[PDB]
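In what follows, one protein chain appears twice in different forms, each by itself as structure tokens: structure 1 and structure 2.
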Structure 1
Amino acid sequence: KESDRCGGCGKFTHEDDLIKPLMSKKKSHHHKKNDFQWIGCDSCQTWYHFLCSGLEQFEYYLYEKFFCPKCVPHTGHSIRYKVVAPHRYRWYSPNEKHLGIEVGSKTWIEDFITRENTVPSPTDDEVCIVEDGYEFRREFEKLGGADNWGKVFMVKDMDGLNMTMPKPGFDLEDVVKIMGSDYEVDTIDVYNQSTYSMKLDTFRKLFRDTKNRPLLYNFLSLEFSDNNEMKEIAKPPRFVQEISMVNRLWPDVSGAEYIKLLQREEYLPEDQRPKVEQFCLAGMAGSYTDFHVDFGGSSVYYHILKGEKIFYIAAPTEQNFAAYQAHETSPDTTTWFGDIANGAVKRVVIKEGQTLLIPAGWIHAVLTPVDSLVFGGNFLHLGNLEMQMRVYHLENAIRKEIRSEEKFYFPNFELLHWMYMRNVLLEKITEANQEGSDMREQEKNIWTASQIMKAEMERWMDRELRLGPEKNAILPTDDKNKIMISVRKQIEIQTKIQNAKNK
């Protein structure tokens, strides 16, 4: 406040500062609108921006009495707000002490832990529990394989999944050693249901302090597909790499084969690649993550390297979506979706070493009973194309009813389908025509996937005519049309081929 200057950047209050897109799960870059919002040292009375105060994003709102770096030595560490309303996200404000218990809050979680064990077990149709990756491959295949993947699998022993994972004993320490101590990761302030920045070192610091945890901290994503060391340490199961649409257009390879497979443009621009297939996840015991459907209706692999998780899940039926949509778009904050989900929500525990494989659309919330380290990834695949498009409808509807903009959605979702259609699907059809082949013979799966995907894209084209292109852009209305035109052309030819067999 006032004319006075900043002890950090020496600037007097100017300022009004408007001085590539996100391809990975990030939500902390939003309240950078506070980085230049002035806090004052209760001691030397010097004013600091915030950024300039030595504070990290996550501690901006924590302190009632602030002591800047130059004062800490003799003043002590800054004094935090008193915990006045443990049952509210704004735990610091007394004006909210009388309001209802909010789903994310400390009070709510503690109580929830006493009653959570009464959430029903899933039916054998919802989840399948196998001993190792060999049994998974056998049962997965016995239900139609990836093209027909509908239930979640829990694999107890990772042997056979062909899934590259660090050896037990691997922990947070190794993570910070590899990524660096100054690597900033999006962290969820569980009790405040909000996401902030935090040095990876700071997190480790807080994580290791076991007896004193005023707040709980889990990190959002931490996607490591671009860290040359990490990216080889934990990988998706082979079967996931073999069906991942992103992996099909931006193939992993990145070795000697990379030089060659891009020597034919079989590798799209790296900045266009969705960055969501390899994430590391650490969480404190007592943590809770509220019900969500994974972005783009992406499938998930989820390996527990350390600790235990309890997942609360609900099958992706239309009613369950409708119910979920209402819950997401409602202002109510005190009701647990499970309690109003007409009995759909089930309970499943995942222990250390165990793995979770989740198909498209499953609604799920997560309880973290024990300090945890997890490795996982999100992927799209043709076997779940319909469900993926259904979730995308759901998301797009939810996005119109409440102004999220902080909510993360699948990066380049549409671009990816244009590319996939043009590079992969169109060629199969084009070629199958060049030989007068009836795709139903040996490629029914591919034929059906093309019609479904095309219909969805036809809807995107028309939307783009009536309303104009999207902000997300990246592919030019013209190119989009040329693609569509060519696709219609080939699908017609293949249709006539199929119809000729009529007599």
Structure 2
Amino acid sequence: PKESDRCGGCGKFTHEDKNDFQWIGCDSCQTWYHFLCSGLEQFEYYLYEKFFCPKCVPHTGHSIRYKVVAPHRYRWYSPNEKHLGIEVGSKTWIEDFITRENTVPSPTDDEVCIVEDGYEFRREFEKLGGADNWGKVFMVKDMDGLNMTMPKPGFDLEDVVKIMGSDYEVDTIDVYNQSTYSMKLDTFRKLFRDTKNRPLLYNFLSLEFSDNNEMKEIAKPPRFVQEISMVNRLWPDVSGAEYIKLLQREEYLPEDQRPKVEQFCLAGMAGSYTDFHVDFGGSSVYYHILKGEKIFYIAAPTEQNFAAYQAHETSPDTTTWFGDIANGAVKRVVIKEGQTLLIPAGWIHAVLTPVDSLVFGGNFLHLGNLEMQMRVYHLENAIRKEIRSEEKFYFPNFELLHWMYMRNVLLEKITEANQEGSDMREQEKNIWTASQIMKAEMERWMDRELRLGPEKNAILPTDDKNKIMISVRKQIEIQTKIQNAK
């Protein structure tokens, strides 16, 4: 081939390969570099008008970044978008938004319930039917009572990067561009320390640390969350005889299959803004502000609001804030240092970060919200039919998780029930109704799979599924025959 076309380097024509297959040219020496060999991290790929490779920087100066020409646009650098409208949430949009931000209505007592501590939460949570009837959002002022393991105050980003590693790569939002890129934790810290100079804002929401032996012990979900978590139910963190018995039955599940979404760490700069959405899979959320402050803008999961949200999301429009077209559905709820927010399935929400913040939270699925979860799933699929998105923004192995839950959990219980008496409505009415609901949804999945084959990759052979569905139908019909008898 040709020498000029050789990184870089790396000194090779083809990278070992995520580099993808992308290079960048040096506006000095003119030699090409594979992106992964340029010295740039993903978040810089679009920042520089003139890129100067490491070989040339001490004698050519740093790289020159585009002039901020359209601060009201995601492409704030493209002079062509100067005349175009203000986009939510460009720098221009967020600034303005902050000034009127507090005019948005507070919630009704039916919507959010504020409690002083976890003990009061427990009592109010129980009054409303508990987790199986959980439909409203809770804000807890003081964690005492929640059994939620958290770092002692004074703990901060500095401790996070030390434990996780300075080279650890986290997915970060470029707020003003409203996109996400990779950034070394170290690189985030440096920018986060520089409070007085911040051309662009950064805020990472996706830092899952359930696989870090040190971290996963410093910040855990509340006990009640752990108890109802479906992911937890399937991939128990047990040991010895327990784990062995868990193996003897084919109830073992690969760690690389587990959805890692229950232990997130979030850090964000003041002026950060994450736009409206529903957490993937219609998952519920715990959310604890260790430092800083967060303002959530929430709307109940009603059919009217879903219709509005679905339109909002599929609409190519970019200038219209969801709140303005939601008919007073959006409410304002502030969370401050030390406080905790508990959101059940379906809630549409946006969030403003008025102040540099460090948060620990997590997403989970639970039987109590099975319908709403499936409703949200439908919502995601409906939206996907129009726009094209990545898969790392939706609930990982959502369908597999249910196949496993049905087979490993619900099915075994209906069976044991069936083997004695035994009316499940007597001491397991909640399990039974979840089974019928999950089965209904799975039947559709099966049908769909037979009407156009499986998907791509893996994992559960159509054969296996069908075998499972045959088993579930049998036990379910048996149980219904028992009930009809009584």
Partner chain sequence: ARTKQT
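Along the sequence of structure 1, residues get numbers from 1 upward. Here the rigid core means the biggest group of C-alpha atoms that line up within 1.5 Å when the two forms are laid on top of each other.
Of the two forms shown, structure 1 is the one solved without the partner chain, while structure 2 is not. Large C-alpha shift between the two structures, rigid core held fixed: of 177, 167, 74, 82, this applies to 74 alone, with a displacement of 2 Å or more. If you fit the rigid core between the two structures, you'll see the Cα of residue 473 move by 2 angstroms or more. For residue 266, a C-alpha deviation of 2 angstroms or more is recorded between the two structures after rigid-core alignment. After superposition on the rigid core, the Cα atom of residue 446 is displaced by less than 2 Å between the two structures.
Core-based superposition between the two structures puts the Cα shift at residue 254 at 5.6 Å.
Core superposition places the Cα of residue 51 2.2 Å apart between the two structures.
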